[PDB]
Each structure stands twice: as structure tokens, then as C-alpha cells.
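Results of the structural survey
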Amino acid sequence: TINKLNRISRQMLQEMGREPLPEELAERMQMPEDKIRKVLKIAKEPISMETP
Amino acid sequence: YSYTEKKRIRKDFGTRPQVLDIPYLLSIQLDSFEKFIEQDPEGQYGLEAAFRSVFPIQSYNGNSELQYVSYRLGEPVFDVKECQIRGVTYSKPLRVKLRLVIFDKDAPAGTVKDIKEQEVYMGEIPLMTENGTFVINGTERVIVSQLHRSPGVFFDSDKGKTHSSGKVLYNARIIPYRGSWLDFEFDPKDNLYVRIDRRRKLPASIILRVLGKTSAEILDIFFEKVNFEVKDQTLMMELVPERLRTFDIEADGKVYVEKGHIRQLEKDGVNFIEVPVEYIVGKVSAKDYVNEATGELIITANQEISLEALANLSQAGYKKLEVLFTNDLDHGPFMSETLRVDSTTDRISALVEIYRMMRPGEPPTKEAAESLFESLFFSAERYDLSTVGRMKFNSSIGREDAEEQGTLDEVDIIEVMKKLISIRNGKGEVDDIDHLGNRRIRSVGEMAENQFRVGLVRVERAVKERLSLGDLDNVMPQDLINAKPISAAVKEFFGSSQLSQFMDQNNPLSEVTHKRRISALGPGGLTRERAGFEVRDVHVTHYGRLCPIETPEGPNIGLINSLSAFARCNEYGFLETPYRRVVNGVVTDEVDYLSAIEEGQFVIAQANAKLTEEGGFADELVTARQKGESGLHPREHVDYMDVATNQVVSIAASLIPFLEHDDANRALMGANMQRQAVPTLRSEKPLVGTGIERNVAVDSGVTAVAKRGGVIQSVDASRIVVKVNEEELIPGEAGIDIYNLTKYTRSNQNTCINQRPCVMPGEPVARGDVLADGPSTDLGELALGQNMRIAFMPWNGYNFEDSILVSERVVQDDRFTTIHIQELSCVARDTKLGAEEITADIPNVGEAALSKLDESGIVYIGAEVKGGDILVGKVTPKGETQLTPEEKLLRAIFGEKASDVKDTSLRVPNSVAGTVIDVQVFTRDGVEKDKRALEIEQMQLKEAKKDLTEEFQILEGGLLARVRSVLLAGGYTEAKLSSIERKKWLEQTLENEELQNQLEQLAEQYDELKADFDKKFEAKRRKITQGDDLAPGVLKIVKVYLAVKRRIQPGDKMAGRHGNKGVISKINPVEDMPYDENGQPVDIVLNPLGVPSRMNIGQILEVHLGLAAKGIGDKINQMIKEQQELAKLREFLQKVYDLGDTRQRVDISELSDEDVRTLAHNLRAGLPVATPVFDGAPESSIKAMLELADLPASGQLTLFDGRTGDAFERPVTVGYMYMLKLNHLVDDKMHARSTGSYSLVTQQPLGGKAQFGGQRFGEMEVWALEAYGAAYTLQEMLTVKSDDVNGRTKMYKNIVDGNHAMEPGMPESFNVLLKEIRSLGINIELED
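Residues numbered from 1 in each chain as written, not as in the entry; some residues may be left out. Chains lettered and ligands numbered in written order. Part of a larger assembly, values for the part shown. Heavy atoms only, no water.

Deposited coordinates in this entry are attributed by the record to cryo-EM, at a stated resolution of 2.9 Å.

With the PDB entry as reference, chain B is termed DNA-directed RNA polymerase subunit beta, source organism Vibrio cholerae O395. Quoted verbatim from the Subunit heading of the UniProt record, the comment on chain B is "The RNAP catalytic core consists of 2 alpha, 1 beta, 1 beta' and 1 omega subunit. When a sigma factor is associated with the core the holoenzyme is formed, which can initiate transcription." (UniProt positions renumbered as here; feature names shortened; annotations may be inferred.)

Going by the PDB entry, chain A carries the name RNA polymerase sigma factor RpoD and comes from Vibrio cholerae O395.

See the structure below:
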């Protein structure tokens, strides 16, 4: 789901020229906005505790 | 004189005319970004260069490829102010046109089968603000230029500090802009070896075999040949006259000495010399010799010829023998010996060796070795010796051609080797690594170009991978490019780089110095621990290029420098400085910019050199410098002169009056601490100045400068409207210039940024005139501090060390009162339990704390708030919490229980008191807006509508005034026109075609005006009303701005411009302060003892000059007060401005009566005087000024003690000093903690005032406690104060119970350490 969201996001970014907002990606991906946001937040990689 | 200068003319004490005005201070940034961002047809700089270096790219098989056509930058989504408000980067879209061209497989390669044109989005490029700054994530940032080493070849030595003996080893080092590094060094055995990116040494011959060089070719390249022959059964030697200048010499007519001058006998000239056989025995061969009959090699190249070899070549029939030349002074056998120690015998044996030393522990193959050596130095993709690098290499090795090349070749390597051997032999010298001709300036444009090229390559790998697949019928160019890597690269550079620094915004001087700063650190630079004395030192080439005074005092000493006043960067990145040409003995005004290399040959005079009326030198022998050494040189031998006396010092050092009387150590401190000054409520000019303040104020951009001349139509504290002059109007323009002023905006250091109008409605202004003054600016002059009355005397120990005694009067009139604006944010997020809400229903809080809150829970604007007051009310959902049985009984008795939500609300920080001046609410799209949000929303629409209507009204007024002038070119009566109502003009009916056509044109123009105004309004409304892109999981953000008036108090740091800093010790009452015979008390009492030891004598001269200037100020004040005649006012002003033999000719006669009155009104509070650095006011001028002001010539007055009324036994130096309030306030430096937060792992108190942490008891504190013997105090600090959790809890309980005893335990850090040591498979334990 995250990978397909990224692919569609890159296609839309190339097509309109700006970052696609969650409603637009939800309309393109045929899923509700809440699911899109849930995918968006849980796609993070935890930071290190030794970052300068 | 300009109007702003005419209002207040500063007296100039300089004596030397200035030929070249100081250029724009921020050129180093603007020029670099213009190079980066503008389209250049030659394609050598910026985005075009990166695109042409990267495109076109080719599929590996070769079916199709992508080509670059052009690029453009789109329109920004937001402006600078909007980007700062929302917190986004100010940038422009990058739109690049590309052609996907597909060839034909069946047709011969190179046939165009199909083409596809399309525009592709390549990311956002951050833009440079007109003042040289960037807006990244709503923050002003400055990218610091870097001082690095230019690409090319450098020759160096170990200075005889490596081998046991002296034996100074010599090395040569080539470094490209991108690629591998190549080193050619010498060993203690005098054999030259090679390193490729700093690995194990190899013999040199390999690097030539790989180039296809046979041994004989190598000795031909690196040696000179001497020939021998068998002539008439005798040895014959090819004599060269220069070589000869221990045996018997032939040519019996001109026999030289025999086994016991040369030029005299070589004058005749002969060619036949006979030598003994031994002369060949100790000499090495040069050419491989083969015998036809034997078919074998009798002698090899680089083999020592023996007697047996002589016999073999005698019987073989060879008569001519060419051999090498070897000396001990001029020529050397280094190459021959290196060939002897070489183990490789052919090219392939060379590439296998290079492969083993490249990739150890890998099986070597021929194809891989060939590919590796081709890619190491001869491949354009991995090696790029840039244009600057190629020029440096060509100049070093004396090569004239191959200027476009960026890849190495055989000639390059052989020339580097030749120069290394020559430098060994004695001809040639090593390079000065710290020479400014060997160091280059790399600015923002170059770095952005490099990062953009990196992003292009990262995209390009994937593009090439995709094109090889082959299925390309339905593809488009925009389906091949992913803008995310390139965007990631550019934001990496602009947000995470070391050299992209947070802006310094205390004052205009801080901004200007930050923009003109050069760092040797950063990527591709130095490291603090790896920097030595030599790099930190002041080189002789820093003259006119880098300031010798301005540098940080600390670990970064000498590694961060400041640009000189007139310094510039050439097209190759090397610093250059201007000089005046001396032609035919006259010193011309023509200016030539010279770099470090060009400066050495010429001898350059000084600005202090005396000049005659004809323009030539007066002294027969003048003081000059040549090749970096100063001395005395004849007049006729002088080529150049310095353009100004402040050429060698930076702007901050140029702002220090009487700098020549201060030691460099204290000048460094003064320059550094002028940048820490905090703007005050009222900006006051420096009475004693240098004449530079206007340049800094104008070029900083903090002021409002007139773009065009005219008359000020309207003035208000937030808007200046100027009616442009007729001569300066674009055809078909409105004619109105509108300047909207910044009012109370937070700076990067929490300081007020405010613009105050300095104009009046109706007064004329011209281009470049200052309309409004920004922070720390007074009438277009930089105003960093205040003029204080200073007495140099000790006062009861309250000025002990560097302490400062300040009168209470200074506090009363708020001369050092500052405004600090602070941002406080409340973020309502989304949690697992639920969504946090911003409501006023805060549990366990009464209506006393809700008085300043509105219905939506946000504080009002204008509310006086103190520490602990609620600003934004937020409640967070909480889960079920277990209650202790005692608490359950307590709830059983009294049934109160309301704990559904917990109070997590934004509160004013402790010890902070101020007023709320702005509140901004950001709401996510899809979240309901609370009442306050719509209140601010409608307020913003009302403000925008009113201001747009105002600009429309003024522009229409100007345009209709121009139209009225056009009509008045013919002339009619406008009363008849005004008889008809303005809208009814559109209702007129016209039958004649001439009038009807004009009526239709007017109607169309009115419609177009309506349409354009509507489109502007719709754009602004859409920008305002749209939602905010917040962080994932964030629902709402509320930002509150607090304004705090900070007044002077003990603990605050006050300093002057001469490195004299101090901390206020006491706010003395006015009666206690010393006073003079007229009853005027002093303001600040300073300790004189600081002056003699620190050699800052410029402050005393400043004190005397300030006293004289203020005295002239009181004379003008009285002469105005008694309503005296204007003629004597003019006479006094002319007498004042004619004092000294200065370069300033101010004619008061040409000033109007109103101008004279305004000038006198601006001079009541003191007469500003300019003392340029190294061209300052002498003591005689100061004494004359004091005599004019009816003051003692010694500058010392009789002071009386306020406490006792008794006169001090000795006269005291009293005057005026420009004092600054540094941003080191005791308000921000107090901290105290009893018990607070603790670390997660170590269970120790946090660190810092922000975290409410505790001070660190380090190793040396423990050492001091051990030396004292305080075992129990040390145990207290170690256990019950830091990490003994149970111990510290019981200690707090015991203190509350009044017991004052501790039960120490084991520190948690020791248990953690035991666990770590156990985790390493090591059993560490404790025994009883």
C-alpha cells in the first residue's frame, strides 16, 4: 500500500507540478481519506539517539 | 549632498580623498546566485552546466536516448512574508524541456525514428532574497562561502622532520574537483614512488608503462644523452661546452688541465674528445642493443656497462654508444634507480599491479584492470579537473594548450614528474599551501550546482536503467524522471549543511558580517582538531582580501575569516583587491583589481604616502611592499597604490574609531562584540564615528530606500506613499510608490524588528534616500548603542575588575531598554485515546485563570500576562488511572471526581512577563474551525480588502493625474465634467463617431480595471482561506507572540567598540554619582586600570572627542534657545565645519534657511564627527575642538563626590563614549533547580536551562573535593543528587521531615555499566 501510494504520488507530482494533497491521492487510489492518512503516518523509520 | 545626508552632516576628520567608493557589501552572495540561476548561452555556469554535463544520456544497448532542450523557473506559490508566516521554503518550480528520441534498430545507428517533446518537473529551487538570504522552513538562513584548495597539482616537502637525518623528502600531489588523488613522493633512498588515493607505495615506472612507455623511452624522457664512438680506433666523445664547466684531455691543440678556465679554452670550440675506458665503466647504458647473428640482448637499458660489455660490443661491431647523464648536484639517477627497483616488465604486469593495489585480495583480469585504469583518471564521468583546476595545472607545469580538457593525459603526468625531479635537483621551489593564490572561494551558487548535479546523476542511473528495457512506445519523458531525489539533494544542501547557517539578526552589522564570512570548515574543508598553527595564521597575501583582526576567539581561531572592505572574487574564485595605477610618476584614479599571484611582482605604495598637487609622490623614497616584504623603494619604481585606508580591515573593524591606537587583541574583541549589540527603544547616532555607518545601514536592507525620486504623498507609521517624479516614469504607469513597513516582527534571536518613518508628507526625496529607519538605524546611519557620559575613576570598588557603575537616570529614561519578541506554540495532536481539543473547559482551574481566555480558549490580543498564566487551553484525553486505597477513601468521603481529561495547556514561562501582540491559528484541512479561527480569518479579509482598496485608490489617483495632465496639454474646463456625476459619465450618449469610439475605449478600460482587481482579490483570498499542510497526526497549532520590555540591571553585559566589556555591578542613585561644577552628574563610571594593561588607547581619544562634540552641541542648543540670528548660526556652523585641514568642504552659504535650521536642530544633541581608520583625527584637532566648545584642552574636569560634596584630589577624565548592550542578559542566564526531570537511561538530571536541568559536577570538581577531604559532600553529589533513585526520594522526604540525613545507595550508572560489561561476554560481579 505504501509503495503504490508513493508511485501514484510521484505520477501526480509530475503531472500537476506540486505535491498531491491527501484528498487527491485518496480519489486516485480509490480509498477513503482516513485510510490514506493512516498509511501516511505509519510509514516512518525511527530516529537514532546518537544524532548530533 | 543627499537630502538624508543634508539633514545631518557628519564632520569628517579625514585628510585623504577617496577615489573608489565601497561597493555593495552583499555582492558575494547575489552575484553567485545570479550565476547559478540565470541562463548562460555558453553553458559554463549554473543549471545549464549541470544539465549539459549530465544530459544527453544513452541506453547501454542504444535504442533511444533523452536530450535536454532548455529550462525555466515558474512562479512562486508564496511570497517571502507568506513563506515566513506559514513556515515553508521560498522557492521556484524547475521546469525543464526534454526530448525522448527513439532510434531504429533495423536502420543504421543514428537514424531518428521518433521524437517526443515534453516539459518535466525537476523540483523546487530555493530563491535568494534581495538581501542575500534564503527562507527555508520559514527561517532566514545564510550560506557561508568556503575557503578550500584549488584543484590541480601542488608540490610540497616534509621540511626534514620525518627521516632520522635531515633528508627533506619531496612530494607532488594532484587533486581534482572530482575524482581520485595522485601522489608522487620521494623515499629516503631517493626513488620516486606513487600513491593512488593514499594507499601503499608503488614504484613510479608502472604509471608510465601503463601509458605505453618502454624503458628506453623512459630514459629518453627523463635523461640527457651523451654519445661515444670508435673513431680511428680511439674513443670519441660528443663534447658540449656547458657540461665540462680527473683525466687526460684530447685535442692536443687546446689541452685543458690533466687529472688536476674551461670557458677560455672552449672559446675556440672543438668536437673531438678522447676518454679512458674507465670513464665508461661507472656509467649506465641507455639503449637496448641487439646482435643480428646471436639474436640476443648483449646489454639492456639501465644496466651498468662493464669491461666485458665493452669487449662484447667491440666484437659485435657496434661503434656508437649513447649513455645517460648522471651528476650529484644538477642531474640525478632517480628515474634509473626507480626502474631498477621496479618489478614490472611490461604494460600488463603494470596493470595487474595497479589492480592488486586497488582491490587487494581479488583475482586480477586484463579487462577489469584496463577498465579500472581508464576510469581512474582518463574517464570524464569519474574524473573532472575543472576549468580553474586545469588553469592551475597548466600554469604549474608550463603548458599552454588543452584548456578545455578536464581529464589527465600522458603529457600531464610526465610534466608533473619532470617538475618533481627538477625541484629535487635544485631548480624550482615548493608551493605555499597557505598562499591565497592556492586557495579558492566557493560560494552558494557553486555548491548548489554541485548538489544539483548529484541529484541529476541519481535520477540518471534509473533513467538509463529504464531505457534499456526497450518497451518505449507508450512512454513519455515525464514518466522517466522522478523529482524526489533532486529535491532531496537540494533541501539536503539548503537545510542540513554546516555552511547553511541560522541567520544572525541582532543588528544590521551582524547580518552584513554573516553574509561576508568565509569558513575553511565544512564539506571539502578543514576539521578543528586537524587544523594547525600554519592554516590559522595571517598570511602576507591576506592584505586587502581577508581581515587580520576579525576572527572568532576560541577553537575556531583563524579558521573563520571576514571579507575585506574592497575585496572581490574573480571569475575563477580567487580573491582580488583594487589598486590605483601609477603612470609616468602620477597617481591616477584608474583602478585595477589584482589577485595574489599578480600582486607579487609589482611594488605597491600605501594610502599614507604623501602626494603633491600634480598627483605624484612627494617623498623621494616611499614605503611600499613587494613579494610580501615591506621596505623603502624609490618613487620611480612604484607601480601601484592602495585605494583606501580601510582596505585591509573588515566592516566591523572599519566601524571602530581610532583603531590605530588599539592593540589587535582588543580590536578583535571590539569587532566581535559590535555584532552582539541589541537594538534599543530609541536609536542614537554615534557621536564619534568612522563615516561607514551609512553604507552599512543602506546595504543591510533593514531600511526603506527610495526606488524612485519624487515627493512624499503620504506618511504613516506603517505606510509611505511617494508620488514619483515626471522624469522617472515608465510610460503607462500609475506613478505611485508604496512602501509597507515592518512593525514589531520577531527576529531570529528574539529581538524586535521595527521600521520607523523618517520623512514628512510633502518633502522631496530622491533615489537612494532613506525613507524609514530599521532596527539600530538613525536617519540612515547605523546606531548600535547610546552615547554615555563617562568618568574614568575608581568608585568604592564597584568598578573592580571590569565592573561598571551605572546611574539610575540611565534606567529612568530607558536608554538601554530593549524589546524581545518570543514565540510560544501549542500543538493539538491526535492520540490513541482520542483527539486533543483546544477548549476553555480546563479541569481544576477556576475562572480567575480563565479571565484572559476567550470562548475558544485562546488568550486575547493585548492581554498583560505573567508567569504561569494560561495562554491556550488544551485538554488531553486520559485512560483509566489506578487510585491508591487512601485516595479511594478520600473520594468516598468527598465525592468530587472529575478526571476524564488532563490539563496539558500552554502557559507563560516563569520569570517572563509581557503582552500578547499576535495570535495565529493553523488548522488542518478537514478540521472544524473554532470561533477564534474565523475571527482572525475575517480580520485578515477585512485588512486585505482595505489595503488592496487603498493601493487601488492611490494608483488610480496617480494615473488620473497623469491623464489630466495629458488632457491639459490641450486645456479644457473640468467644472463641466464634474457637473455630471462620475458614474453617470458611463451613461452618456454620443452620436459622433470620434466621441463614441473614445467612449467605448473608456468603457473597455474600466472593465479591464475591474477584472484585474478581481483577479488580485481572488488570488489573495484563496491564499488566506486555504488550509495548512501540517505534520502527520497534528490537528491544530496556535502560536502566541509575547513582547517583553527588558530594562538594564546588574548582571547585564555592556561594552564599547574598543574591546572594553564589563558587567553592571550597581545602579547608583543620582545624588551619589560624581558631578561637575555645573551640577551635571556622570552616567557611567569606568575603571581606568583597564586601559594601560590592555593597550586600548582609542577609547580615551573617543572620550575626549565626544566631550568636544557634545560641547559644540550645547553651544548650538543655547544659540537656538536664545532665538539668535540665523547669520551667526551660519557663521558658527561654518567655523565648526572648517576646523582642521580636512578633505570636507561643506558650504553653509548654499544651504537654505530651512535647511540650516533643520541641520541645527539635528545638531542640538551633539555634533557627529567622523574619524576614519588610519586616517583619523590628530590630538591637535581634538584639542582645537575642545577649545571651541569652551572646555579644557586636557579633557579632564574637576569632579565632586556626591556623597560628601568634596572635590576629588586629581582631575578626572570625563567625556562621552558609545556604549552597547550585548545580548548576554542575566535574565537569560539565571538558573536554579532543586528537583526536576531525569534522564531515561542514566537516571541523572537533565542539562540546560530549557530542560530545567542541573549543573555538572565534573572530574575536576571531584578532584577539588577529594583535595579538601569532603568525603560526605562528594558522596552526596554522586549518589543522592544524581542517580540514586530511592536515595534521592528518601532524601527529599527526610528534608521535608527536617532530618537532614541520607542513606546512600548504588548509583544507577554503575549498574548500567555492569550490565554492559556482562553483555560483552565478560563476567563482572560483586562479592561480600
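After that view, the rundown keeps rolling.
1. Points about the overall build of chain A
Counting secondary structure elements, chain A contains three helices and zero strands. In sequence order, chain A lays out its α and β elements as α-α-α. Against the globule reference of 10 Å for 52 residues, chain A gives a C-alpha radius of gyration of 13 Å, more extended than a compact globule. Each principal axis of the C-alpha atoms in chain A carries an extent, and together these give about 40 × 25 × 15 Å. Expressed as a percentage of the 52 residues in chain A, the buried residues total 27%. Counted over contacts in chain A with a minimum sequence separation of 6, partners at least 24 positions apart contribute 26%. (Helix = DSSP H or I, 4+ residues; strand = E, 2+ residues; numbered from the N terminus. Rg over C-alpha atoms; globule rule 2.2 N^0.38 Å. Buried < 20%, exposed > 50% of the residue type's maximum accessible area, 1.4 Å probe, protein only. Contact = heavy atoms within 4.5 Å.)

2. Describing a positive patch on the surface
Together, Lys-4, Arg-7 and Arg-10 of chain A together with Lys-484 and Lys-491 of chain B make up a positively charged patch on the protein surface. For the positive patch, the secondary-structure elements that each account for two or more residues are α1 (2-16) of chain A together with α17 (483-496) of chain B. The element best represented in the positive patch is α1 of chain A, accounting for three residues. If you trace the backbone, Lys-4 of chain A turns up in helix α1. Note on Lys-4 of chain A: relative accessible area 37%, which makes it partly exposed. (Patch = residues over 30% accessible without salt bridge, like charges linked within 9 Å, V, L, I, M, F, W, Y side chains within 5 Å. Areas by Shrake-Rupley, 256 points an atom, 1.4 Å probe, with all protein chains shown as cover. Salt bridge = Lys/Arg side-chain N within 4 Å of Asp/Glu carboxyl O. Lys, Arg positive; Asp, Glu negative; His and termini not counted. Charge placed at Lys NZ, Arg CZ, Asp CG, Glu CD.)

3. As for the interface of chain A and chain B
Contacts between the two partners involve eight residues from chain A and, on the opposite side, 11 residues from chain B. Across the chain A to chain B interface the summed buried area is about 1,000 Å²; carbon plus sulfur atoms make up 48%. Applying the counting rule to chain A against chain B returns zero salt bridges. Of all the secondary structure elements, the ones that give two or more residues to the side of chain A that touches chain B are α1 and α3 (33-41) of chain A. Of the residues forming the side of chain A that touches chain B, the biggest block, four residues, is contributed by α1 of chain A. (Buried area = accessible area lost by both parts, 1.4 Å probe.)

4. Focus: a negative patch on the surface
All names here are of chain B. Residues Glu-1000, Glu-1004, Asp-1007 and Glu-1008 make up a contiguous surface patch of negative charge. Inspection of the secondary structure assignment puts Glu-1000 in helix α27 (residues 993-1025). Given the relative accessible area of 34%, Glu-1000 is considered partly exposed.

5. A look at the packing of aromatic side chains
Residue and element names in this part refer to chain B. With the rule as written, the count across this model stands at 20 aromatic pairs over all chains. One aromatic cluster in this structure is built from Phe-33, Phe-36, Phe-134, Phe-493 and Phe-494. Its end group placed over the ring of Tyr-45, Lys-35 keeps NZ or CZ at 3.4 Å from the ring centre. Positioned above the aromatic ring of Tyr-543 is the side chain of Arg-625, whose terminal nitrogen or guanidinium carbon lies 3.7 Å from the ring centre. (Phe/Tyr/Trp six-rings, centres within 6.5 Å; stacked < 30°, edge-to-face > 60°. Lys NZ or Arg CZ within 6 Å of the ring centre and 35° of its normal.)

6. Quick look at the sheet that holds strand β13 (residues 202-203) of chain B
Residue and element names in this part refer to chain B. If you trace the five strands from one edge of the open sheet to the other, you get β9-β10-β11-β12-β13, paired in antiparallel fashion. This sheet does not close on itself; its edge strands, each paired only once, are β9 (152-157) and β13. With respect to the sheet, helix α15 (residues 410-425) is in contact with β9, β10 (170-175), β11 (182-186) and β12 (192-196), its orientation differing from that of β11 by roughly 25°. (Pairing = 2+ DSSP bridges. Axes fitted to C-alpha atoms, helices over the stretch in contact; angles between N-to-C directions.)

7. A word on the sheet that holds strand β20 (residues 439-442) of chain B
Residues and elements named next belong to chain B. Strand order across the open sheet formed by four strands is β20-β8-β22-β23, with mixed pairing between neighbours. Edge positions in the open sheet fall to β20 and β23 (560-562), since each of these has one partner strand only. Strand-to-strand twist in this sheet, taken as the mean axis angle between neighbours without regard to direction, amounts to 30°. Bridge analysis of strand β22 (residues 517-519) against β23 gives three bridges, and the strand direction is antiparallel. Bridge pairing in β23 places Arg-517 opposite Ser-562.

8. Observations regarding the side chain of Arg-580 of chain B
All names here are of chain B. Along the chain, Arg-580 turns up in strand β25 (residues 575-583). Despite its burial, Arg-580 pairs with no opposite charge; the closest candidate is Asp-589, at 7.2 Å N-O. A polar contact is formed between the side chain of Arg-580 and the backbone oxygen of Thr-588, at a distance of 3.2 Å. (Polar contact = N/O pair within 3.5 Å; in protein donor to acceptor, adjacent residues only side chain to side chain.)

9. Considering the environment of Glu-140 of chain B
Residue and element names in this part refer to chain B. Counting through the fold element by element, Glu-140 comes out in strand β7 (residues 139-143). Distance in space between the C-alpha atoms of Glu-140 and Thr-129 is 9.2 Å, their sequence separation being 11 residues. Sequence-distant contacts of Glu-140, that is, excluding residues within four places in its chain, are made with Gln-84, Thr-129, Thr-133, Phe-134, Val-135, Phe-502, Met-503, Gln-505 and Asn-748. A polar contact is formed between the side chain of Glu-140 and the side chain of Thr-133, at a distance of 2.4 Å.

10. Overview of α17 of chain B
The α-helix advances 3.6 residues per turn, and as a result positions three or four apart in sequence lie on the same side. With 14 residues, α17 of chain B ought to run about 20 Å at 1.5 Å a step, and its terminal C-alpha atoms sit 19 Å apart, in line with that. Where α17 of chain B is buried, its residues contact α1 of chain A together with β5 (112-126), β6 (134-136), β7, α16 (444-467) and β21 (500-502) of chain B. (Expected span 1.5 Å × (residues − 1).)

11. A short note on a nonpolar patch on the surface
Residues and elements named next belong to chain B. A cluster of nonpolar side chains, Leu-959, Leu-960, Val-963, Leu-967 and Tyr-972, forms an exposed patch at the surface whose accessible area comes to about 430 Å². Residue placement: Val-963 occurs in helix α25 (residues 931-968). Here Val-963 falls in the partly exposed class, since its relative accessible area comes to 37%.

12. A closer look at the pairing of β25 of chain B
Residues and elements named next belong to chain B. Within β25, seven of the nine residues are buried, which leaves it mostly tucked inside the rest of the structure. When strand β24 (residues 568-569) meets β25, the two strands line up antiparallel, connected through two bridges. Counted as the bridge partner of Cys-569 is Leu-575 from β25. Counting the residues between successive antiparallel strands, the hairpin from β24 to β25 contains five residues, one of them, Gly-573, with a positive phi of roughly 95°.

13. A look at the packing of helix α30 (residues 1126-1137) of chain B against helix α31 (residues 1153-1162) of chain B
Residue and element names in this part refer to chain B. Look at α30 against α31: their axes get within 11 Å of each other, and the N-to-C directions meet at 60°. Here α30 lies oblique to α31, going by the angle between them. Two packed elements cross with a definite hand, and for α30 against α31 that hand is left-handed. Residues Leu-1126, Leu-1129, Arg-1130, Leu-1133 and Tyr-1137 of α30 touch α31, and the partners they reach there are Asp-1153, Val-1156, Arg-1157, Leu-1159 and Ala-1160. A class-by-class count of the residues in the contact of α30 with α31 yields seven nonpolar, no polar and three charged. (Parallel < 35°, antiparallel > 145°, perpendicular 65-115°, else oblique. Left-handed = near helix turned anticlockwise from the far one by under 90°. Nonpolar A, V, L, I, M, F, W, Y, C, P; charged D, E, K, R; others polar.)

14. Focus on the packing of helix α3 (residues 47-54) of chain B against α16 of chain B
Geometrically, a packed helix pair is captured by the angle between its two axes and the distance between the axes. All names here are of chain B. The geometry of α3 relative to α16 is characterised by a closest axis approach of 9 Å and an angle of 30° between their N-to-C directions. By the criterion of interaxial angle, the relationship of α3 to α16 is roughly parallel. When the axes of α3 and α16 are compared, the crossing they make is right-handed. Where α3 approaches α16, its residues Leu-47, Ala-49, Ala-50, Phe-51, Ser-53 and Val-54 are matched on the opposing element by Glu-449, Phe-452, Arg-453, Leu-456, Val-457 and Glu-460. The residue inventory of the contact of α3 with α16, partitioned by class, reads eight nonpolar, one polar and three charged.

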